[PDB]
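Trainee: Have a look at this one before I ask anything.
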2 protein chains.
Amino acid sequence: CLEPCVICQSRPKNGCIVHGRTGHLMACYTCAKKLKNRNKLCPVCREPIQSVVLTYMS
Amino acid sequence: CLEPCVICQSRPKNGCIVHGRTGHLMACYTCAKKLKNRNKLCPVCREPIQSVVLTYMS
Ligand SMILES: [Zn+2]
Ligand SMILES: [Zn+2]
Ligand SMILES: [Zn+2]
Ligand SMILES: [Zn+2]
């Protein structure tokens with residue numbers, strides 16, 4: 001799916017939720033960051049967001 | 001791009017090259033890891049690979 005950020009649905013999925021050595025890409029960097037600041041869990045696995053990487057394709 | 005890992009072209013781009021708080025997604029986790037172990041640079045920006053995240057799209 002080339003579908004947008006699942007939260008805002010207005011921006012691309014370029015906000016990578018890192019937990020250790022695995023990452024989940026369902027949200028934009030800006031949305032995924034708000035989740036971490038407001039102490040929400042990863043929507044994919046409900047595991048704490050350790051950090052957020054701004055991800056660029058090619 | 002729905003195109004495969006630029007190195008092996010046999011696995012998806014699920015190997016996120018992290019440098020600071022930005023990541024580059026052009027290679028598979030296994031290919032991007034070999035780059036880090038053999039002290040190669042990020043093919044996108046020729047900046048050192050600080051870590052590699054195994055990324056899952058949802
Ligand atoms: Zn968003
Ligand atoms: Zn997760
Ligand atoms: Zn590869
Ligand atoms: Zn790079």
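Identifiers for the structure tokens are assigned positionally: chains receive A, B, ... in sequence, residues are indexed from 1 per chain, and ligands are indexed from 1 in the order shown.
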Skip residue 16 of chain A itself and residues of its chain fewer than 2 positions away, then list as a PyMOL selection string all residues within 9 Å of it, counting only C-alpha atoms.

Mentor: (chain A and resi 13-14+18+23-29+32+51-55) or (chain B and resi 16+23+55)

Trainee: To check your reading of the model: which residues sit at most 7 Å from ligand 4 when counting only C-alpha atoms and all ligand atoms? Write the answer as a list in words.

Mentor: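 Protein and nucleic-acid residues within 7 Å of ligand 4: residues 17, 19, 23, 24, 42, 43, 44, 45, 46 and 47 of chain B.
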
Trainee: Please check which protein, DNA or RNA residues sit within 7 Å of ligand 3, counting only C-alpha atoms and all ligand atoms, and write them as a PDB file with N, CA, C and O atoms, in the first residue's frame.

Mentor:
```pdb
ATOM      1  N   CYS B   5      15.779  -3.924  -3.382  1.00  0.00           N
ATOM      2  CA  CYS B   5      17.093  -3.489  -2.835  1.00  0.00           C
ATOM      3  C   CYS B   5      18.040  -3.212  -4.004  1.00  0.00           C
ATOM      4  O   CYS B   5      18.139  -4.103  -4.844  1.00  0.00           O
ATOM      5  N   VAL B   6      18.689  -2.044  -4.048  1.00  0.00           N
ATOM      6  CA  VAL B   6      19.522  -1.592  -5.209  1.00  0.00           C
ATOM      7  C   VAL B   6      20.761  -2.482  -5.352  1.00  0.00           C
ATOM      8  O   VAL B   6      21.261  -2.571  -6.485  1.00  0.00           O
ATOM      9  N   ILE B   7      21.252  -3.079  -4.264  1.00  0.00           N
ATOM     10  CA  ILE B   7      22.485  -3.919  -4.241  1.00  0.00           C
ATOM     11  C   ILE B   7      22.131  -5.311  -4.789  1.00  0.00           C
ATOM     12  O   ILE B   7      22.596  -5.632  -5.898  1.00  0.00           O
ATOM     13  N   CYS B   8      21.311  -6.092  -4.071  1.00  0.00           N
ATOM     14  CA  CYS B   8      20.993  -7.509  -4.422  1.00  0.00           C
ATOM     15  C   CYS B   8      19.832  -7.587  -5.425  1.00  0.00           C
ATOM     16  O   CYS B   8      19.832  -8.538  -6.226  1.00  0.00           O
ATOM     17  N   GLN B   9      18.883  -6.640  -5.365  1.00  0.00           N
ATOM     18  CA  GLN B   9      17.693  -6.528  -6.259  1.00  0.00           C
ATOM     19  C   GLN B   9      16.801  -7.764  -6.096  1.00  0.00           C
ATOM     20  O   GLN B   9      15.912  -7.958  -6.941  1.00  0.00           O
ATOM     21  N   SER B  10      16.985  -8.515  -5.005  1.00  0.00           N
ATOM     22  CA  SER B  10      16.363  -9.840  -4.754  1.00  0.00           C
ATOM     23  C   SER B  10      15.502  -9.813  -3.481  1.00  0.00           C
ATOM     24  O   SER B  10      14.779 -10.816  -3.238  1.00  0.00           O
ATOM     25  N   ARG B  11      15.605  -8.740  -2.685  1.00  0.00           N
ATOM     26  CA  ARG B  11      14.881  -8.547  -1.397  1.00  0.00           C
ATOM     27  C   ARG B  11      14.355  -7.116  -1.343  1.00  0.00           C
ATOM     28  O   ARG B  11      14.925  -6.204  -1.948  1.00  0.00           O
ATOM     29  N   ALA B  27      18.057  -0.199   0.400  1.00  0.00           N
ATOM     30  CA  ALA B  27      18.675  -1.543   0.490  1.00  0.00           C
ATOM     31  C   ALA B  27      17.914  -2.409   1.491  1.00  0.00           C
ATOM     32  O   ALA B  27      17.162  -1.849   2.299  1.00  0.00           O
ATOM     33  N   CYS B  28      18.101  -3.728   1.411  1.00  0.00           N
ATOM     34  CA  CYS B  28      17.510  -4.720   2.339  1.00  0.00           C
ATOM     35  C   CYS B  28      18.331  -4.690   3.633  1.00  0.00           C
ATOM     36  O   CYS B  28      19.490  -4.230   3.576  1.00  0.00           O
ATOM     37  N   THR B  30      19.762  -7.032   5.300  1.00  0.00           N
ATOM     38  CA  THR B  30      20.927  -7.950   5.234  1.00  0.00           C
ATOM     39  C   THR B  30      22.046  -7.271   4.440  1.00  0.00           C
ATOM     40  O   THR B  30      23.207  -7.395   4.861  1.00  0.00           O
ATOM     41  N   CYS B  31      21.716  -6.584   3.343  1.00  0.00           N
ATOM     42  CA  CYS B  31      22.684  -5.847   2.486  1.00  0.00           C
ATOM     43  C   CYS B  31      23.219  -4.631   3.250  1.00  0.00           C
ATOM     44  O   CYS B  31      24.445  -4.457   3.296  1.00  0.00           O
TER      45      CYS B  31
END
```

Trainee: So which bits of segment 26-58 of chain B end up strand (DSSP E) when you DSSP the backbone, as an MDAnalysis selection string?

Mentor: chainID B and resid 26:27 51:57

Trainee: What's the 10 Å shell around residue 2 of chain A, counting only C-alpha atoms, without same-chain residues fewer than 4 positions away, as a VMD selection string?

Mentor: (chain A and resid 12 to 13) or (chain B and resid 1 to 2 57)

Trainee: Please identify the helix (DSSP H, G or I) residues within chain A (assignment by DSSP from backbone atoms) and present them as number ranges by chain.

Mentor: A: 29-37

Trainee: Go through A:22, A:37, A:48, A:3 one by one, measure the shortest atom-to-atom distance of each to chain B using only C-alpha atoms, and give the residue with the smallest value.

Mentor: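 Counting only C-alpha atoms, the residue closest to chain B is A:22.
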
Trainee: Given the choices A:39, A:49, A:34, A:15, which gets closest to chain B if the distance is worked out from only C-alpha atoms?

Mentor: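 Looking only at the distances to chain B, the closest residue turns out to be A:15.
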
Trainee: Select, from A:36, A:41, A:4, A:21, the residue with the minimum atom-to-atom distance to chain B, counting only C-alpha atoms.

Mentor: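 Distance minimum relative to chain B lands on A:21.
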